[PDB]
Amino acid sequence: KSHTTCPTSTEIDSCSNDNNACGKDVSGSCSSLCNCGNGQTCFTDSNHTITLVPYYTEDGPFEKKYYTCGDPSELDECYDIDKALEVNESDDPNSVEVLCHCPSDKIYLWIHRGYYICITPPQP
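Residues numbered from 1 in each chain as written, not as in the entry; some residues may be left out. Heavy atoms only, no water.

*Asks:* So what's going on with the side chain of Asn20? Which residues, and what values?
*Replies:* Turning to its location among the elements, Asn20 is positioned in strand β1 (residues 20–24). A polar contact is formed between the side chain of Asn20 and the backbone oxygen of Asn17, at a distance of 2.8 Å. Leaving out residues up to four positions away in the same chain, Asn20 has contacts with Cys15, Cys36, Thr68, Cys69, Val96 and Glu97. (Helix = DSSP H or I, 4+ residues; strand = E, 2+ residues; numbered from the N terminus. Polar contact = N/O pair within 3.5 Å; in protein donor to acceptor, adjacent residues only side chain to side chain. Contact = heavy atoms within 4.5 Å.)

*Asks:* How would you summarise the packing of aromatic side chains if you had to cite specific residues and measurements?
*Replies:* Scanning the entire structure with this criterion turns up one aromatic pair. Look at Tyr55 and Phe62: their rings are 4.8 Å apart centre to centre, the planes differ by 5 degrees, and that puts the pair in the stacked class. The class of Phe62 is partly exposed, set by a relative accessible area of 30%. Geometry around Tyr115 places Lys83 over its ring, the cationic atom sitting 5.1 Å from the centre. (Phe/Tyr/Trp six-rings, centres within 6.5 Å; stacked < 30°, edge-to-face > 60°. Buried < 20%, exposed > 50% of the residue type's maximum accessible area, 1.4 Å probe, protein only. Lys NZ or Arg CZ within 6 Å of the ring centre and 35° of its normal.)

Here you go:
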């Protein structure tokens, strides 16, 4: 009653891999980008939310939240400078695949290579 899961969209299908990320904060409403598993909500993956920084601003780092499925807690940790996250686009990735585990003390930073790396967020 106080809280409820978000509904699933019928315009999305299950992802091939369960380690894909889904959902994003756009209007404050929970958007659905891909169904996880047989059709699980991305709301329950709130506890597995990750921080992705697509770009920096004058005010500071822009942290964008993304929800991931598969619970990559048992996944290996990536190095600070190495392939860690593969996304379709750096601006609005509707497809994000978890390749490795990133700690909550690190963010995904887009680099000139064209992919995101797992690194501790520096204070500008």
